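Okay, so we've got a single protein chain in two different forms coming up as structure tokens, structure 1 first and structure 2 after it.
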Structure 1
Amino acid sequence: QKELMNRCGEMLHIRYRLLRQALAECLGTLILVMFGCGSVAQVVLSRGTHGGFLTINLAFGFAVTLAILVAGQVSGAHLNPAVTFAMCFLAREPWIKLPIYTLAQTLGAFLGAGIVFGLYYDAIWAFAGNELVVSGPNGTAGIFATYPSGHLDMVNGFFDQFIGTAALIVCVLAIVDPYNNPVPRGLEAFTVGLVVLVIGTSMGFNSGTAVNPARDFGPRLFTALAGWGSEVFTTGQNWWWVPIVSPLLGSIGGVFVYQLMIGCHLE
């Protein structure tokens, strides 16, 4: 039986490193999104019976740890176009895989919503009485993509992602810094998981916990074709572009904050 298993391994082997890493990014984001949006569905469809907002933070924080362990060796498990932007901005990785990773991250995050929707098919439909509504007392689209609260405005909503992404970049850069090793090597999976955990508890009130263009726009495109319709994009004065443009500008904002004070002054 072992020979049969070994024979199948050599048949589907691909010698292309770029293609091998793109596949690991599709699975890395699929695990993160399915365990991320799946937890939000648990505390939204149950009206808080099966957990509060701390369940979302623990699940989102520890899903990054699992996604990194799954695909960390193959590609590094960036799981974030903003994170991939920072690595390419520091000459740590070529620019030719910036769109390759993004296409393999947006797709895979789109699949992560499909698994959640098929997992909560009856709960989602019966939440609002066989109808799908983007947001409100019976809103359902907020499970997959993040939406602003009532108090949020456009100007401050932009700066929530900029601050959230900048804090993530500074903490992530210190962990993945070769010259900064305050912990034994190999604990990158656990250390990053805490970073995403405290982000949800700290800055996860205005709109949610996106801090990633793929995790936000990925499942959002799924909800548009899943029954919610065009109302997904036009909610809150075209909110869809805020969690994409802002984190990209927040990635380079965490490089300037970190490198100018710790990264450059290291031996």
Structure 2
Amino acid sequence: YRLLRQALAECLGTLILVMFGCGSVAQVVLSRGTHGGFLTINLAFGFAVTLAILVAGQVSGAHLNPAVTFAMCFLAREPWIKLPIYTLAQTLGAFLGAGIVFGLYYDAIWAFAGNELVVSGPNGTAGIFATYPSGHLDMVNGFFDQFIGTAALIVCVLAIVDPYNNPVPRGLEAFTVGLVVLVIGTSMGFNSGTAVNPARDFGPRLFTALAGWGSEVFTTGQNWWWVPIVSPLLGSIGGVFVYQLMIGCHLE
């Protein structure tokens, strides 16, 4: 099936960005203040997004983001039947990409806090895979950051893949989206490796539930796990209206 081929490309693409992105967070977290800080995490996530789009772009268009897929279906650019398949294909691959990172750092992760896995705290390793609320990442503060960050990502994506504009060459899309992701982490959020991808957050978080961290990965932070899912979905809706009201509606 043609739609099965595109789902496989989205699965591999989201595997690349999660495996590369979570591996750099594991390097910083496990080697406390020795192998870089936030700059190397931001560049790795931005570079991984560029690489993942180049690999999977020629098949499925390389959305690699349920929020981006939701925005495409909202504008009727893609059928609504692509939304559940892409979301499932993107979540699977973030789950698999998290497993590869777990295998890479299996001994270092288990030795971070003796011989047990801790979700949050000073000796906490669950934050390598999924985001957890810090002092300045409360429910209200975190919701606003993910809403604005996803709206900015949607506007930049729509401005590059616009049919009414000149057909962009290959590579330009990959390096543009990797540029937005790099600058969103640098600017938005006091502490956020990546908070604009619902699949990049739920997939690895679901892996840690079964990897041995327990069910505390969902109940911690007053059930914060649904914030990195709903807020980027709302932010993609806001980013569509901004692009249409500023640029899109006048291109007719």
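Superpose the two forms; the largest set of C-alphas matching within 1.5 Å is the rigid core. For residue numbers, the reference is structure 1: its sequence is counted from 1.
Peer 1: Comparing between structures 1 and 2 on the rigid core: C-alpha of residue 61 shifted by 2 Å or more?
Peer 2: No, because once the rigid core is superposed, the C-alpha of residue 61 moves less than 2 Å between structures 1 and 2.
Peer 1: If we fit on the core, is the Cα of residue 121 displaced 2 Å or more between structures 1 and 2?
Peer 2: After core superposition, the C-alpha of residue 121 moves less than 2 Å between structures 1 and 2.
Peer 1: On a core-based superposition, does residue 136 travel 2 Å or more at its Cα between structures 1 and 2?
Peer 2: Moves: no, less than 2 Å.
Peer 1: Can you give me the Cα shift for residue 181 between structures 1 and 2? Core-superposed, in angstrom, one decimal please.
Peer 2: After core superposition, the C-alpha of residue 181 moves 4.5 Å between structures 1 and 2.
Peer 1: Cα of residue 161: shift between structures 1 and 2 in Å, core-fitted?
Peer 2: Its C-alpha shift, to one decimal, is 1.1 Å.
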